[PDB]
Ligand SMILES: CCCCCCCCCCCCCCCCCC(=O)OC[C@H](COP(=O)([O-])OCC[N+](C)(C)C)OC(=O)CCCCCCCCCCCCCCCCC
């Protein structure tokens, strides 16, 4: 019957946030706080369009803003963040309870310097 | 004698489960939510005979969403062609399909 | 049987029938059918006799097979349709399996091999409850899915039911097997007209229920389960012979009695569809049913059989049994012809 | 022949069903159906139905432990047949296994059989989803909304089980 | 006297210590020094598959941090 | 997959012990060591006679109570539901139905034994 | 009613204890003060995604940032 | 490397079964004012080895009247079923992390009776038939109570996972809010494993040996090890359910030491219980569990249903 | 449709032919009936789990539940025969023919 109209592979070729699960979980609250606008724009247009072939620019902007946030994390508070995501990654269930000292140090550092 | 007392007393007994496109706990859609919505809203109140005679396309699309059998025939045809072309020997798989591909994230 | 437990059992079977009546879900339909099964089962075992156990085993096995066929039809309809609304079915094989399930539940031929033994092995009140209350829920289900019913299948089952019921009723001396084969014949007459006008099916079901309940009430009143005792009823009371004569004339199909009211109008809803030879064949088998009815009337009322000397004792005590609404149901079973258009209340 | 694990479990299901459908003796029929129910529960676990598979497992174990008690109580013959002590039991078992292998050979060859409906030869894993349901399982909220959404269903199920208790009490009274 | 059972039962203690401890030590080998990633729902499996797909060695336990991006 | 490996290893270890227990030692059988054990005398009939077992209703109602358990078992996840009042009312209702069945068994002389 | 209660406590204390626990479990949640706290605790668990809405310009309640004071807070469970 | 983990799970529990036989005979002698086995080895350390080799160099002695299929199938199935439910036990990290490990334990515990039934019916004798009937009655007694005990104890856990059961112990034991259910669970574990005073199958005074009275050496030892693995594992499960210890992710040695000591003490308590009381009749088994246990556990089940709603203490399912 | 659907429905009709052709024992037919219900349950659960219909997940187990609510009845319809006849052979069950 109908025909499908798929996007070209060049448009989908975009660099990625090549990190792990524990690194994403460690900076999850601050990423959700600072980067709310492009994420909410992407979520709204995906919910109201229901078509991933027309929902690429907002995903690109979400990815770019996430990588920018992680670059800003890398420039200022690298080593406390490394300690935080390391001790988060040691736990099997990725529990936020077993990382109170590292979380306190990380939030204090990122509040004092950013 | 279909005594529909569910509308006489206004009490909902089993209208919340009878249709795949109903209200679900924690708002989880099924695999054919949109097709169910189209098939209900196109064939509402006009009678079963007119619904079958006129709304056949969306019901066919819903049945294809559910059973997926035409996609099975498509996959069977391309896989038989692939097996044949490997068996005679004029086809080589790409490195992306073979496994060493380094996926997107 | 405990009266409170019996009342709970009766409320359970009526609740199951009501659940089948009012539900818009296939699972609730099957749940009501299972409740109907499980509540009618101890009704037959009120007397704790081996005949009752044999009848209960046969009934339970046949209705279990019907229930499993109904579940397979429901699952096929679900898989090809994705919902549960009680409406037209979306597969011919699901329609087949549900039609076989409902035919097994009703007792329609060639699945008639369980009704006469089940009726014979149980008392008269249990037979009344069976042959009246078990013919409401499957009729409602067939009323719901009549768009998807195959015409040839239901018509073949109907004509087989009427022919087999007449030929069975020609050669039975027991009253309950006569009732069972008459019920098969009425079932075929009632389900032959289902696809043309289901209001005719409902009207014939109502008239058949009224007449069968009237006859079972008269049998309970006379406490007779054999043809010879039914003949012996003439000495106990003449009025009982008058009512059995007029009622068994009514179920024969004679005017101006009420039993001519449904069947004739069945033809009135089958000549409009230009089906001519089928109502003629069903009228011929109705004449066969009238023949065994006429033999029974010759046995009971029109000829007074010799009696015994013990019945004089029975002349000194009036009938203290409770005849539940007997004159009203007899009048409705006899003289309902001049109120023929009242079937329009069933639309 | 690796990703046909659902196919292999279904074949063991049909094999056990043919095995206990010969009706040799209630204990051996229970054993055959229990093997069949084990591989059916394996099917349901392999499709993500942990709760439903374990529930059908536990229910069948209880029910035919009761069936074992009943056949060792009343319905016993002097010399029960295993599978080969009688002729028609072995005949229908071999017959059912032969038809089972018949459509096995029919479905592994042309990949499309036509028995009533049409049937394909690929595994069912192709229809399984590519999406993720988050921090939860959907069937768990099905059986959780059993109590909240399911009002009439739970009411009639409980009433039917109570009626089953009172009926089973009433039947085996004798007087 | 009574304390003479205290040798033999102690052996059973070792027989109740060797299995479970070994599992923990096995969990400190195949997972590269960390615990085994306990997957309970679809999102935990999706995150573990994300680590597997980003590590480039097809091992989920090789966790790469913020030094991976530039 | 790991469950299948554990099952196969357990079955392999189980069936290896009986094979070691059977085909390793020397067998020497006559027609008295294979005889059924009846405390040193011949058996009276066979053991395939129907037992006049007395707790048939207890086994059937064990089945029914296990199905009551099957209704009552998904209760913990229902603790996460929003409509808490209907949850609590109907969990109490189903437990009360179980208790009603048990009380009717108690009063109508069902928990005792026949003969 | 004291004599009957003493009689059943002397004959079978298990039935008396079971009926006391059943009556307590029936009548106490209807007198509980924390049931509505359980209601909002269950209702406040963020299972699915909180998708935003389109803007026509006229909404005083919903915020544009998660840290804005407008919108519902969760201070009652934090203190408790 | 799952094979090494499986082997190190399944072999030392068999060694634990053997040394459980050792300390069983020793302690059971010791409350009877006599010494235990101490002649064969130093303090009798070589008694289980002699017992194990002795049973495996005897004659299997298959009966003629016994149906050989279930006769050879019952003990292997018993040993496998006693072995196959050890996996969901957190020790502190379980072998297989199943979300519904409680249901797996319940279903494999329901399967464990089938070896007893098949061994009773396969051997053609009256004593085996009576033992099978008593085992059926024992299952009738214990299942409908044990399921409700486990559900009502588990209602504060929040989910069926045994891994999250170690999280709930971090503040207090669940034996403090569920001590009556702890008593019910201990009597149920007494009843299920077929240990005195709830043995009723391997009776010495009532029957000769019951379900395995026709079972000679070799096949007989499998039932012995299956029952002893069952009681050790059941006591470990009770320890995890009610007396869970302090878990530290950086040092599993603490939790292994603690639950090993607690389960060993509970098994010693089981040995203490099993030889101080007369054996119950099996007609009083369901004159107690169907009469006294069931209404009490129904009341406690509805109490534990209505309690987190009362105190606003709904546990998380994750 | 698929393959496992074919296997399950063929198991159902195999158990149906097992029930519909008796072999002189009632409880064996009861076992075949419970096998037909096993095929029904397996088919329904697989159909739901393929179609992601969460809210209908109550229907299989409840179906299962109701089957036991009749299956024990069949067992309750066995011993009564054993309370009249010595055995439970169906060829002895022919008293209802007159
Ligand atoms: C798991 C942790 C460790 C547990 C303890 C382990 C060590 C101790 C073991 C002791 C020996 C156990 C085995 C031998 C006994 C086996 C038989 C047996 O147990 O029979 C059960 C016995 C049998 O009783 P019986 O044998 O006396 O029966 C006689 C019955 N009448 C009187 C009718 C004739 O008891 C029960 O069935 C009762 C169940 C347990 C009761 C628990 C009550 C808890 C508190 C409830 C509330 C109380 C306050 C009042 C109400 C308040 C309301 C707000």
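Don't worry about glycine lacking a Cβ; one is built from the backbone with ideal geometry, like all the others, and counts go over all protein chains shown. We did not get these values from a lab; they are worked out from the coordinates using the rules stated.
When only residues in segment H:149-178 that are part of a helix (DSSP H, G or I), within 16 Å of the ligand (Cβ to nearest atom) and more than 7 Å from every other protein chain (Cβ to nearest Cβ) count, which is surrounded by the fewest Cβ atoms within 10 Å (Cβ to Cβ)?
H:150
Among the listed residues F:86, F:82, identify the single one that is part of a loop (DSSP other than H, G, I, E, B), closer than 30 Å to residue B:27 by Cα and facing another protein chain (nearest Cβ under 7 Å).
After ruling out the rest, the residue left standing is F:82.
I'm told residue F:4 meets every condition in (1) more than 7 Å from chain H (Cβ to nearest Cβ); (2) in contact with a helix residue (DSSP H, G or I) (Cβ under 8 Å, 6 or more places away or on another chain); (3) assigned to a helix (DSSP H, G or I) except one. Can you identify the failing condition by its number?
The single condition residue F:4 does not satisfy is (2).
What's the number of the condition residue C:69 fails, among (1) surrounded by 20 or more Cβ atoms within 10 Å (Cβ to Cβ); (2) under 20 Å from residue C:144 (Cβ atoms); (3) in contact (Cβ under 8 Å) with a residue 40 or more places away in the chain?
Every condition holds for residue C:69 apart from (3).
Condition test on residue H:224, is it more than 18 Å from residue H:146 (Cα to Cα) and more than 16 Å from the ligand (Cβ to nearest atom)?
So residue H:224 fits the description; yes.
Check segment H:244-257 and report whether any residue there is within 16 Å of the ligand (Cβ to nearest atom), farther than 22 Å from residue H:79 by Cβ and not in a helix (DSSP H, G or I).
Looking for residues that are within 16 Å of the ligand (Cβ to nearest atom), farther than 22 Å from residue H:79 by Cβ and not in a helix (DSSP H, G or I), one finds at least one in segment H:244-257, hence yes.
Of everything in segment F:20-39, what is within 20 Å of residue H:73 (Cα to Cα), surrounded by 10 or more Cβ atoms within 10 Å (Cβ to Cβ) and more than 7 Å from chain H (Cβ to nearest Cβ)? Give them in sequence order.
Once the filter is applied, which keeps residues that are within 20 Å of residue H:73 (Cα to Cα), surrounded by 10 or more Cβ atoms within 10 Å (Cβ to Cβ) and more than 7 Å from chain H (Cβ to nearest Cβ), segment F:20-39 yields only F:24.
Among the residues that make up segment A:62-74, is at least one of them within 14 Å of chain E (Cβ to nearest Cβ), in contact with a helix residue (DSSP H, G or I) (Cβ under 6 Å, 6 or more places away or on another chain) and under 30 Å from residue H:94 (Cα atoms)?
no
Quick one: which helices (runs of 4 or more DSSP H) lie wholly within segment C:221-286 and hold at least 3 residues that are within 23 Å of residue C:209 (Cβ to Cβ)?
Those helices (runs of 4 or more DSSP H) span C:238-250, C:260-268.
So residue G:63 ticks every box in (1) more than 13 Å from the ligand (Cβ to nearest atom); (2) surrounded by fewer than 11 Cβ atoms within 10 Å (Cβ to Cβ) but one. Which box is left unticked?
Only one criterion is unmet by residue G:63, namely (2).
Which pairs turn up if I take residues in segment H:274-292 that are within 14 Å of chain G (Cβ to nearest Cβ) and under 22 Å from residue H:181 (Cβ atoms) and look for partners that are more than 9 Å from the ligand (Cβ to nearest atom) and outside any loop (DSSP other than H, G, I, E, B) with beta carbon separation below 6 Å, at least 6 apart in sequence or on another chain?
Partner pairs satisfying both residue conditions: H:289/H:141; H:289/H:145.
So which of B:27, B:31 is surrounded by 12 or more Cβ atoms within 10 Å (Cβ to Cβ) and more than 9 Å from chain C (Cβ to nearest Cβ)?
Answer to the selection: B:31.
Looking only at segment D:82-95, decide whether some residue is within 15 Å of the chain's Cα centre (by Cα) and either surrounded by 17 or more Cβ atoms within 10 Å (Cβ to Cβ) or facing chain I (nearest Cβ under 10 Å) (or both).
Looking through segment D:82-95, none of the residues is within 15 Å of the chain's Cα centre (by Cα) and either surrounded by 17 or more Cβ atoms within 10 Å (Cβ to Cβ) or facing chain I (nearest Cβ under 10 Å) (or both).
When you go through (1) away from chain F (no Cβ under 14 Å); (2) more than 17 Å from residue H:275 (Cα to Cα); (3) away from the ligand (no atom under 15 Å from the Cβ) one by one for residue H:234, which number turns out not to apply?
(3)
Output the helices (runs of 4 or more DSSP H) that fall wholly within chain B and possess 1 or more residues being within 19 Å of residue C:90 (Cα to Cα), or say none.
B:33-42, B:48-54, B:56-67, B:69-88
Which of (1) outside any loop (DSSP other than H, G, I, E, B); (2) at the interface with another protein chain (Cβ under 7 Å from one of its Cβ atoms); (3) within 16 Å of the ligand (Cβ to nearest atom) is the odd one out, the single condition residue G:41 does not satisfy?
(3)
Being touching a helix residue (DSSP H, G or I) at 6+ places or on another chain (Cβ under 7 Å) and free of Cβ contacts under 8 Å to residues at least 60 places away in the same chain narrows it down to one of H:248, H:212, so name that one.
H:248
Any residue that is more than 16 Å from the ligand (Cβ to nearest atom) and within 14 Å of chain H (Cβ to nearest Cβ) - is there at least one of those in segment G:47-58?
Yes; the residues of segment G:47-58 include at least one that is more than 16 Å from the ligand (Cβ to nearest atom) and within 14 Å of chain H (Cβ to nearest Cβ).
Out of the residues in segment G:9-33 that are in contact with a helix residue (DSSP H, G or I) (Cβ under 7 Å, 6 or more places away or on another chain) and in a loop (DSSP other than H, G, I, E, B), which is nearest to the ligand (Cβ to nearest atom)?
G:28
Which residue pairs have Cβ atoms closer than 6 Å, lie 6 or more positions apart in sequence or on different chains, and pair a first residue in segment G:8-20 that is more than 8 Å from chain H (Cβ to nearest Cβ) and without any contact (Cβ under 8 Å) to a residue 60 or more places away in the chain with a second residue that is within 8 Å of the ligand (Cβ to nearest atom) and in a helix (DSSP H, G or I)?
Note: pairs meeting the criteria are G:8/G:16; G:9/G:16.
Anything in segment H:191-214 that is away from the ligand (no atom under 14 Å from the Cβ) and assigned to a loop (DSSP other than H, G, I, E, B)? List them, or say none.
H:194, H:201, H:202, H:203, H:204, H:205, H:206, H:207, H:208, H:209, H:213, H:214 - these are the residues of segment H:191-214 that are away from the ligand (no atom under 14 Å from the Cβ) and assigned to a loop (DSSP other than H, G, I, E, B).
Let's see how each residue does on (1) surrounded by fewer than 24 Cβ atoms within 10 Å (Cβ to Cβ); (2) more than 9 Å from chain H (Cβ to nearest Cβ):
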{"residue": "D:37", "(1), (2)": "no, yes"}
{"residue": "D:40", "(1), (2)": "no, yes"}
{"residue": "D:48", "(1), (2)": "yes, yes"}
{"residue": "D:57", "(1), (2)": "no, no"}
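Any idea which residue in segment H:273-290 is surrounded by the most Cβ atoms within 10 Å (Cβ to Cβ), counting only those that are closer than 16 Å to residue H:185 by Cα and within 8 Å of the ligand (Cβ to nearest atom)?
The residue in question is H:288.
When you look at residue H:265, is it within 16 Å of the ligand (Cβ to nearest atom), within 14 Å of chain G (Cβ to nearest Cβ) and part of a helix (DSSP H, G or I), yes or no?
Spelling it out, it is not the case that residue H:265 is within 16 Å of the ligand (Cβ to nearest atom), within 14 Å of chain G (Cβ to nearest Cβ) and part of a helix (DSSP H, G or I).
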